[PDB]
Amino acid sequence: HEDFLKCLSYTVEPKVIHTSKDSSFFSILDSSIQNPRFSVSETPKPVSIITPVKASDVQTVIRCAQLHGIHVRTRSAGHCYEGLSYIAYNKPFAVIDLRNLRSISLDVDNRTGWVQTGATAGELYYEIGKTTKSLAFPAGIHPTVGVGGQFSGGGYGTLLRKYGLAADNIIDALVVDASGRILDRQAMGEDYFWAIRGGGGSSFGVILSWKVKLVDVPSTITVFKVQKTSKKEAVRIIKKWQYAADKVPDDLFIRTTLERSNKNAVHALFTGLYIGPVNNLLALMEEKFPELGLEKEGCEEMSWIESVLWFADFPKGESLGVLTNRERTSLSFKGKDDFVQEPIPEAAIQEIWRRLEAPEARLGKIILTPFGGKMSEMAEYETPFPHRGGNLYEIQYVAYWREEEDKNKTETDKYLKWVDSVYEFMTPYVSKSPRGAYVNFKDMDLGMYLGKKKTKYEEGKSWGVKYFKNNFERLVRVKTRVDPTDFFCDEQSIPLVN
Ligand SMILES: *Cc1cc2c(cc1C)nc1c(=O)[nH]c(=O)nc-1n2C[C@H](O)[C@H](O)[C@H](O)COP(=O)(O)OP(=O)(O)OC[C@H]1O[C@@H](n2cnc3c(N)ncnc32)[C@H](O)[C@@H]1O
Ligand SMILES: [Cl-]
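Under PDB author numbering, read the sequence shown as residues 28 to 37, 43 to 530, first letter to last.
Structure follows, in structure tokens:
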């Protein structure tokens with residue numbers, strides 16, 4: 028690692049290379065940890081962090097690492113559910129933090145833009161929304177999530193039924209491969225270009241930039257919220273949502289969240305985004321979902337960019353500038369998810385409601401996100417993300433807790449157990465053989481490389497088919513061509529072929 032450091036100085045700037053002796057080290061590392069439970073002293077620390085400022089720096093890191101046997105991890109904005117962008121287990125590593133490469137240059141008239149991978153979804157949103165009210169981009173709702181990790185793993189949000197995933201809307205890209213070669217879509221090839229758009233970027237290289245396709249939105253859209261605190265009534269409505277939500281027009285997004293209310297009781301929160309006017313939303317909802325009981329008072333017409341702040345839980349009429357904040361979260365979490373292919377029984381709905389009444393589920397959520405629309409229109413093979421037609425909705429079980437509590441691992445166990453238990457309960461009701469999982473919600477509990485099988489291929493196949501289903505074999509083929517040394521690897525990365 029010593030020579031490695033020297034190798035970097037042979043130009044890669046001195047003051048973008050951090051090690052433990054640098055006063056500005058634990059701060060650089062701690063800054064973009066967006067799951068605080070993985071910021072504890074007992075978790076593995078890197079022996080160096082590099083914050084590149086030009087592409088050439090990244091190249092040098094890739095080339096020098098391989099030359100001196102140094103393992104790396106790449107961080108954009110650090111929302112990895114298991115912290116695998118700044119944690120490597122059982123072998124010393126360094127971190128390529130992309131915080132300095134976040135330049136966003138749009139071409140609003142040609143509906144494209146280049147987005148450097150250090151940028152957050154919020155920054156991208158801000159750049160678009162401040163410039164034009166008639167364009168958008170389909171990514172997640174949480175502004176501090178980086179485009180690096182999110183886009184390379186798929187990326188859904190309130191426009192998925194209309195426009196699909198973020199990865200479904202990328203038309204070129206720059207990646208540094210195991211050589212240190214900077215490759216655009218033309219230079220990298222279609223197989224490479226495919227793999228990086230959902231396959232999990234940590235398996236394929238260092239993605240430097242995305243070329244996005246901007247999508248059209250009306251200057252006026254409509255959001256709505258309906259709250260149901262009565263279990264009986266809410267369970268009734270959720271049953272109906274299960275049949276309606278994935279079949280409504282592409283313009284209508286209806287999410288169901290089960291969680292605590294301010295009055296410390298379980299409720300069902302139905303929130304949505306309609307790509308059109310309020311009267312059209314209302315007529316559509318009495319037709320397809322009159323059980324929700326939506327009325328004008330539950331609705332609000334605003335711009336799409338304003339709907340971003342809305343879904344991101346900011347005060348109404350807040351300045352768009354909050355999209356640009358990259359502040360550290362204070363809530364640790366454990367998340368798992370599932371895909372539902374046919375409506376779960378009323379009995380299932382009541383039980384998962386019941387489990388949220390648990391004391392340790394006070395900051396927990398069960399979130400039901402409707403697919404259908406563009407999501408069933410697109411075929412499995414089109415991008416590595418496999419969960420298309422046949423999936424009614426995706427469901428995430430996530431428990432949050434205050435980072436203070438992390439001081440006693442034994443105490444935060446109850447949250448893990450909570451999340452594990454509801455997931456186990458849901459087994460008979462969700463997809464099976466394989467049980468589908470979303471790679472942007474990384475879960476070591478589905479399996480990791482430890483030495484269970486002879487080769488990495490047979491061991492990695494285990495969780496591989498859960499994340500990627502029938503797309504797993506292609507990813508492995510692409511992986512074998514583009515990265516035959518297997519330089520880019522973590523605890524769940526795509527394996528080389530046998
Ligand atoms: C933190 C979070 C995440 C999240 C969410 C809510 C919160 C609080 N809700 C989501 C949702 O509603 N919909 C959705 O699609 N995703 C949601 N997530 C998950 C989030 O998208 C993923 O965690 C995403 O992968 C995180 O991306 P980010 O860039 O912020 O995180 P990272 O730790 O730095 O990276 C994660 C993995 O990707 C690799 N990576 C990152 N950058 C690159 C580049 N440029 N090249 C190659 N690989 C890259 C990391 O190595 C890591 O494995
Ligand atoms: Cl998100």
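Built from N, CA and C at the ideal position, the CB exists for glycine as well.
When the alpha-carbon of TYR113 is set against those of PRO281, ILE337, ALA276 and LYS366, the nearest one is in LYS366. By the neighbour-count criterion, in which 16 or more other beta carbons inside 10 Å mark a residue as buried, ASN296 falls on the exposed side. Membership of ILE160 in the alpha helix (DSSP H) is indicated by the continuous run 153-163. For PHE371, the uninterrupted beta strand (DSSP E) segment begins and ends at 363-372.
Residue list for ligand 2: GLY172, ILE173, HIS174 and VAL177 (CB closer than 6 Å to any heavy atom, chain order). Distance from the Cα of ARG69 is smallest, within the candidate group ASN502, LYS439, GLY330 and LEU167, for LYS439. Distance from the CA atom of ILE49 to the CA atom of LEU191, rounded to whole angstroms, is 39 Å. Where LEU324 is concerned, there is no enclosing alpha helix (DSSP H), because DSSP gives it neither an H nor an E. In this model, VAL208 and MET476 are separated by some 27 Å (Cα to Cα).
For the set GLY492, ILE307 and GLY186, the Cα lying nearest the Cα of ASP522 is the one of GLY492. For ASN472, the distance from the CB to the nearest heavy atom of ligand 1 is below 6 Å.
Cα atoms of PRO460 and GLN373: separation of roughly 11 Å, rounded to the nearest angstrom.
Apart from the 5 residues on each side of it in sequence, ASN530 sits with its Cβ closer than 8 Å to the Cβ of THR487, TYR489 and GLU490 in its chain, given in chain order.
As a beta-bridge residue in DSSP terms, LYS260 pairs with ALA300. Closest in alpha carbon position to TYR481, among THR75, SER52, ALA120 and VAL104, is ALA120. DSSP places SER241 within a strand segment (E or B) once states are collapsed to three.
Burial is judged here by how many other beta carbons sit within 10 angstroms of a residue's own beta carbon; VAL72 has fewer than 16 and is exposed. Taking 7 Å as the cut-off, the beta carbon of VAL179 is found closer than this to the beta carbon of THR149. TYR447 sits in a helix when the DSSP states are folded into three classes. Counting along the chain, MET334 sits inside the beta strand (DSSP E) bounded by residues 331-334. Spanning the alpha carbons of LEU400 and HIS111 requires a straight line of approximately 20 Å. Taking 8 Å as the upper bound for CB-CB distance, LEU388 and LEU290 are in contact here, some 6 Å apart. According to DSSP, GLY396 shares a beta bridge with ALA431. The closest heavy atom of ligand 1 lies less than 6 Å from the beta carbon of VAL238. Straight across, the Cα-Cα distance linking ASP216 with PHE256 is about 41 Å. Around the C-beta of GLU29, fewer than 16 other C-beta atoms lie within 10 Å, and the residue is accordingly described as exposed.
Partner residues in a beta bridge of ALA87, as assigned by DSSP, do not exist.
Residue range 80-82 is occupied by the beta strand (DSSP E) that includes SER80. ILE384 and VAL454 have their C-alpha atoms roughly 7 Å apart. Per DSSP, the continuous beta strand (DSSP E) segment holding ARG287 begins and ends at 284-292. Using a Cβ distance threshold of 7 Å, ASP283 and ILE307 count as a contacting pair. In the DSSP assignment, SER408 falls within the alpha helix (DSSP H) that extends over 406-409.
A distance criterion of 6 Å places the beta-carbon of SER184 in contact range of ligand 1, judged by its closest non-hydrogen atom. Per DSSP, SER55 is not a residue of any alpha helix (DSSP H), being assigned neither H nor E. For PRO402, DSSP records a beta bridge to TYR425. Annotated three-state conformation of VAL140 is coil, per DSSP.
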